[PDB]
Undergrad: 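The structure is given below, and queries will be raised subsequently.
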Amino acid sequence: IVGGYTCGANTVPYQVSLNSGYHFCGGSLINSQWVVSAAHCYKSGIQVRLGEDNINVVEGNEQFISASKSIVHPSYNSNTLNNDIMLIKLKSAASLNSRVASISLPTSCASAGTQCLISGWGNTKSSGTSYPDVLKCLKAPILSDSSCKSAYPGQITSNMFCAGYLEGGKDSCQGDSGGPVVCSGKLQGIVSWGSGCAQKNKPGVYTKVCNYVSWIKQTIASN
Ligand SMILES: NCCCCc1ccccc1
Ligand SMILES: [Ca+2]
């Protein structure tokens, strides 16, 4: 996250870190046994780390649970990043509390102008690299469809939305992928892609979770 603030330990209780020996992607806890993330984050051998603030220090609220199954969206396209979403089932159910909590799925798509919270442990520099060890937070509005398609001609599908600031300086960045965009207590987006980070007229692009709610429900009802 570039140009954000430190969230504070366990103030984003649905935020997970996907670890394969190191943090590589964020994700979101949607019930005690399932996590949603970006399909471009797919890996074999994922351990899900819940209750994290400092990912390099064991602080006392963590739950490390291995993944038993990963399901990438049936129409994920890695070239266009259309349908960049996947589900991860945990080997055992997480123990839910005020610091490890699931986030609700949406019943409605959020509108342009809605302010949202984006969070992750990704790069905090638009030029150069510095990875935080504690969770970073950013409040950003959903941008209109037409400003989004104007920023990325011929690349925005109906399963994508832009969110952020057209004059740059504030954005999600690498390592934030798979992470949550939460608007009014509902998961609305997944950190998916962009052109660099925090660049002028190149806002973050997010997977539109409201389009996927019935595939999510049906898939967790069956696996
Ligand atoms: N601008 C969008 C921010 C999304 C993440 C990102 C990180 C590194 C390279 C491209 C996009
Ligand atoms: Ca920790």
Side-chain angles (χ1 to χ4, degrees), residues 1-4 6-13 15-19 21-27 29 37-41 47-65 78-82 84-85 94 97 99-100 116-143 147-153 155-156 160-181 188-208:
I1 301 285
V2 183
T6 298
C7 304
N10 309 298
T11 61
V12 189
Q15 173 75 233
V16 321
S17 169
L18 304 181
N19 187 109
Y22 47 89
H23 172 76
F24 65 89
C25 270
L29 192 71
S37 186
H40 81 263
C41 291
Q47 182 189 238
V48 182
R49 306 194 151 199
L50 316 172
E52 287 282 18
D53 188 41
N54 195 128
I55 55 168
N56 280 320
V57 186
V58 176
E59 292 181 302
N61 289 281
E62 304 91 341
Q63 302 185 37
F64 298 165
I65 303 158
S78 59
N79 289 320
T80 67
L81 267 338
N82 197 28
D84 188 17
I85 188 180
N97 56 67
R99 283 181 254 258
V100 174
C116 302
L117 189 72
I118 305 169
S119 47
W121 290 278
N123 198 5
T124 62
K125 261 256 64 196
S126 47
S127 64
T129 67
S130 212
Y131 287 84
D133 293 321
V134 293
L135 192 71
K136 296 288 178 179
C137 278
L138 175 66
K139 296 187 173 181
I142 295 180
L143 301 174
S147 67
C148 190
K149 289 175 174 58
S150 306
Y152 297 103
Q155 301 150 74
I156 303 299
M160 296 174 199
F161 62 91
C162 293
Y165 302 98
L166 252 17
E167 290 307 272
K170 295 176 167 290
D171 206 358
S172 55
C173 201
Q174 120 65 246
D176 291 324
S177 282
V181 181
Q188 291 285 177
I190 295 168
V191 187
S192 177
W193 68 273
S195 183
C197 313
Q199 305 298 111
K200 216 183 84 70
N201 299 125
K202 293 297 168 172
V205 187
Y206 301 90
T207 307
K208 186 168 186 150

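For this chain, numbers begin at 1 and follow the sequence in order. Each ligand, and each atom within it, is numbered from 1 in the order the structure gives.
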Undergrad: Among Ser172, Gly120, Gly164, whose heavy atom sits nearest atom 3 (C) of ligand 1?
TA: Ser172
Undergrad: In the protein, what heavy atom is nearest to atom 10 (C) of ligand 1, and what distance, to one decimal place, separates them?
TA: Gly194 O, 3.2 Å
Undergrad: Pick whichever of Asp176, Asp171, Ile1, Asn123 has a heavy atom sitting closest to atom 2 (C) of ligand 1.
TA: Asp171
Undergrad: Taking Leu117 as the fixed residue, which of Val12, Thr11, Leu138 is the one that meets the side-chain contact (heavy atoms from CB on, under 4.5 Å) rule?
TA: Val12
Undergrad: So for ligand 1, is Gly196 a polar contact partner (N or O within less than 3.5 Å, distance only)?
TA: yes
Undergrad: Using 0.5 Å steps for rounding, measure from the OG1 atom of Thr80 to the CD atom of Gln155.
TA: 10.0 Å
Undergrad: I'd like to know whether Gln15 forms a side chain to side chain donor-acceptor pair (under 3.5 Å) with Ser119, so could you lay out the CA-CA distance, the side-chain angles of the two residues, the decisive distance to 0.1 Å, and finally the verdict.
TA: CA-CA 8 Å; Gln15 173 75 233; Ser119 47; 2.8 Å; yes
Undergrad: Using the rule given for side chain to side chain contact (heavy atoms under 4.5 Å, CB included), can you reason through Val205 versus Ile156, listing the C-alpha separation, both sets of side-chain angles and the distance that settles it, and then say yes or no?
TA: CA-CA 8 Å; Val205 187; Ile156 303 299; 3.9 Å; yes
Undergrad: Could you verify whether a donor N or O on one side chain and an acceptor N or O on the other, from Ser177 and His40, lie under 3.5 Å apart?
TA: yes
Undergrad: Which atoms of ligand 1 sit under 4.0 Å from any heavy atom of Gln174?
TA: 7 (C), 8 (C)
Undergrad: Going by the order shown, which atoms of ligand 1 are within less than 4.0 Å of some heavy atom of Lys202?
TA: 1 (N)
Undergrad: Roughly, to 10 degrees, what angle do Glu62 atom OE2 and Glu52 atom OE1 form around the Ca ion (ligand 2)?
TA: 100°
Undergrad: Less than 6.0 angstrom separating the ring centers of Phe24 and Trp121, yes or no?
TA: no
Undergrad: About how large, to 10 degrees, is the angle O of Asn54, then the Ca ion (ligand 2), then O of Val57?
TA: 80°
